[PDB]
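Presented below is the structure to which this report refers.
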Amino acid sequence: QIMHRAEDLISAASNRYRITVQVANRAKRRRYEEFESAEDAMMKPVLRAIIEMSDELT
Amino acid sequence: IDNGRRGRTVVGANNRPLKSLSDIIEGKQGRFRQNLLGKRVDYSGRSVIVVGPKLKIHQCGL
Amino acid sequence: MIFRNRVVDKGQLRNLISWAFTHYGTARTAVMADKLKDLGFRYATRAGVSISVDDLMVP
């Protein structure tokens, strides 16, 4: 689940920083790109970013 | 430059030592140490606190 | 899976937890920790448990 994904995400990746930031900017793009595509009000671009980086990417 | 350093601390209408250039950037409250490492931001909110049963951890009341 | 017959309260849960930890995520543990505090409470209540000057036995 996203929670365990969020865990697995950084349970087997680069510096926990290093990750984040790239999670971050990603979502940044996930927000910039697809700007207000699917409302996303619920699945924050960050959340997206995470899942698509903690499961999709994995 | 620095009141009270050497001669007789100036004391004006403030009915107390004045506040020389030095001292506004010194002490516990020198600029440094309080507006500067410690500023006083917004987007905040305080309150009392209380046990939030029903509400699980990683959550907060609000 | 290790069933454990022991009086759990302080420390029993302490190292427990850790144990969990290592062996599982955090995330899980947390959510463990939780469920069980939750026990904690409700039983506590159910026991019902008061104290008093009398409860202060004297040796």
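Residue numbers (the deposited numbering), protein chains in the order written: chain F, 13 to 70; chain E, 314 to 375; chain B, 1 to 59. Backbone N, C-alpha and C define an ideal beta-carbon position, used for all residues, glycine too.
Reduced DSSP secondary structure (H/G/I, E/B, other) of residue i
i: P366(E); result: coil
i: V324(E); result: strand
i: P57(F); result: helix
Distance CB(residue i)-CB(residue j) smaller than 9 Å
i: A30(B); j: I370(E); result: yes
i: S333(E); j: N348(E); result: no
i: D52(F); j: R38(F); result: no
i: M54(F); j: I63(F); result: no
i: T70(F); j: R28(F); result: no
i: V363(E); j: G351(E); result: no
i: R318(E); j: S335(E); result: yes
i: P57(F); j: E46(F); result: yes
i: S66(F); j: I14(F); result: yes
Cβ separation of residue i and residue j, assumed to be a contact under 8 Å, to the nearest whole Å
i: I17(B); j: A33(B); result: 6 Å
Original post:
Three or more beta-carbon pairs under 8 Å between the region 14–28 of chain F and the region 16–32 of chain B, yes or no?
Top reply: Touching, per the Cβ criterion.
Original post:
On the three-pair Cβ rule with 8 Å, is the region 327–341 of chain E touching the region 33–44 of chain F?
Top reply: As far as the Cβ criterion goes, the region 327–341 of chain E does not touch the region 33–44 of chain F, which means the pair count is below three.
Subject >> Near-chain B residues of the region 328–339 of chain E - C-beta to any C-beta below 7 Å >> reply: So nothing in the stretch comes that close.
**OP:** Could you name the residues of the region 29–44 of chain B whose beta carbon sits closer than 7 Å to any beta carbon of chain F, in the order they occur along the chain?
**Re:** Hits within the stretch: zero.
Original post:
Listed from N- to C-terminal order along the chain, which residues in the region 357–373 of chain E have their beta-carbon within a distance smaller than 9 Å of any beta-carbon of chain B?
Top reply: Going along the region 357–373 of chain E in chain order, one finds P366, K369, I370 and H371 with a Cβ nearer than 9 Å to chain B.
Original post:
Of all the residues that make up the region 14–42 of chain F, which are near chain B by a beta-carbon distance shorter than 9 Å?
Top reply: Correct list: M15, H16, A18, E19, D20 and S23.
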